């Protein structure tokens, strides 16, 4: 829960994840990566299921880091999708997508995938607006000047109805060689009407111009028992356009 997630987490690479869980399902914090084109802290935002099922399954959650701070710009964003498991050896088991901004020629090679285990020991104008994917889903987002993404997601498919809060990050200083703009965001599939004990992260890049698009891959993690943890995470791809 909130008390369970809030705190400092360490992964198998030596990265440090500092997070506060809000009563409302918010995740806010800083990420410090021991590997890659990274240095010092980066802002992270995400969501978690603030009312997980009480059958001993984990708590679905997700979060995004855009790899830009005052010192470094790696023209990339990672999203982690996973579940928090509580108790004496508390864990956040995740899968992650790392998208780099690329030319359209290199887009097929844009996205790394991996797994991280966390333990408690050891432009703006372009993106802001309404987007529509091939499923009929609607993504309403405001890009902040500081790399924030905030808005609501409405899915035409799955155990979803009405709007869900979304938070994420984008590279607010993309390279100006015609590369896309790396970004990601999370929805926890809980609102006032439904709780699907799950969270999706989208990792992708915004491409501008006459046919602007946001090309993404996503991870959907469900809260599971440890028995079913191997079958907790769906993967897919969504293409968003500004026209339905």
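Positions refer to the first chain, counted from 1.
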Counting only residues that lack coordinates, how big is the gap in the deposited sequence between residue 157 and residue 158? Pick none, 1 to 3, 4 to 9 or 10 or more.
none
Got a sec? Mean C-alpha B-factor, which is higher, 182-190 or 32-40?
32-40
Avg C-alpha B-factor, entry values, 80-88 vs 169-177, higher side is 169-177
Residue of maximum C-alpha B factor among 46, 58, 209, 204, per deposited coordinates
209
Looking at the C-alpha B-factor values in the deposited entry, which of 95, 152, 110, 124 comes out highest?
124
Give the position of residue 118 by CA B-factor within its chain, expressed as the lowest, middle or highest third.
lowest
In terms of the chain's CA B-factor thirds, is residue 20 lowest, middle or highest?
middle
Relative to the other modelled residues of the same chain, rank the CA B-factor of residue 132 and answer lowest, middle or highest third.
middle
Can you tell me whether residue 99 has a C-alpha B-factor in the lowest, middle or highest third compared with the other modelled residues of the same chain?
lowest
Residue 198 by Cα B-factor - lowest, middle or highest third of the modelled chain
lowest
